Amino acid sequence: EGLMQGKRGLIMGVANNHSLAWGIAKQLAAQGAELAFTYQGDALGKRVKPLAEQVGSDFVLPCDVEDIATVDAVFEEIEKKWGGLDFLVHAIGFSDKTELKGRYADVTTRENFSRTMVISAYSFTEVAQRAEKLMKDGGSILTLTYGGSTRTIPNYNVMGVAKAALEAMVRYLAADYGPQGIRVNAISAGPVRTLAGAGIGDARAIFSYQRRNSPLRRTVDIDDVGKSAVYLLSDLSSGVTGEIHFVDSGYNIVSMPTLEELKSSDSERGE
């Protein structure tokens, strides 16, 4: 009866119970999925193990996607225990925070660019390559992206470049794996804040703008993202592959803020 009943899959990217990957995990488990989780570092493992237990999983493995040996070992354990995979969720990203402020042109370095590209984008290709060997009967693979890939957002900087590369990977992988019945998609999530308010500093001003000016007049939460993940990972989306699916309260469709905010900014800042 559940949308994922009898399906088994791997969730990469839970750090705590505010993670987008955790919202995805909770919705998948409610729909009957059997889950495995990765965690980055012993400290996070002690957080992820009890969260996994809450949704009925004791299959929790260490992984640092920058160290490909740990990734190989994850899929070796999945093959040993399950022998196959029905789905994979990639919800992993990183960039040096010092380069996520100021202008992209001023702050970005090659060292951060290359590391960001590996962790935030190429790791998706690497785990897709390994998942494919375990999806002989088809499957569904999902990653998380953000609209800074295709429209410029202050401070998002080299992460926007990394997400643009990630979205192209979604397309090439979907074209590669489609004929074997493996679907590859992304959710382009709106900004998420599980904490109250809009926050502090630059980030508060960027977040509150999206809250005030998205069509739904709210930011999505990790349950919205998780329910859309259930759709893309389940047979409901059997016709869908290569899709960059916006789950962002419609924010991507608008050009401008509300008329009330246009007028206040016009008077405050001038011609």
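A residue's number is simply how far along the shown sequence it sits, counting from 1.
When the mean C-alpha temperature factors of 258-266 and 244-252 are read from the deposited coordinates, 258-266 comes out higher. As the entry records it, the average C-alpha temperature factor is higher for 64-72, out of 235-243 and 64-72.
Per the PDB record, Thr194 has a higher Cα B-factor than any other of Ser188, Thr194, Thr152, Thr125.
Ranked against the other modelled residues of its chain, the C-alpha B-factor of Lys163 as given in the entry falls in the lowest third. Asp42: CA B factor lies in the highest third for its chain, per the PDB record.
Among all modelled residues in this chain, the alpha-carbon of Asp137 has a temperature factor (C-alpha) in the highest third.
Ranked within its chain, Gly102 lands in the middle third, by CA B factor from the PDB record.
Among the modelled residues of its chain, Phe113 has a C-alpha B-factor that falls in the lowest third according to the deposited record.
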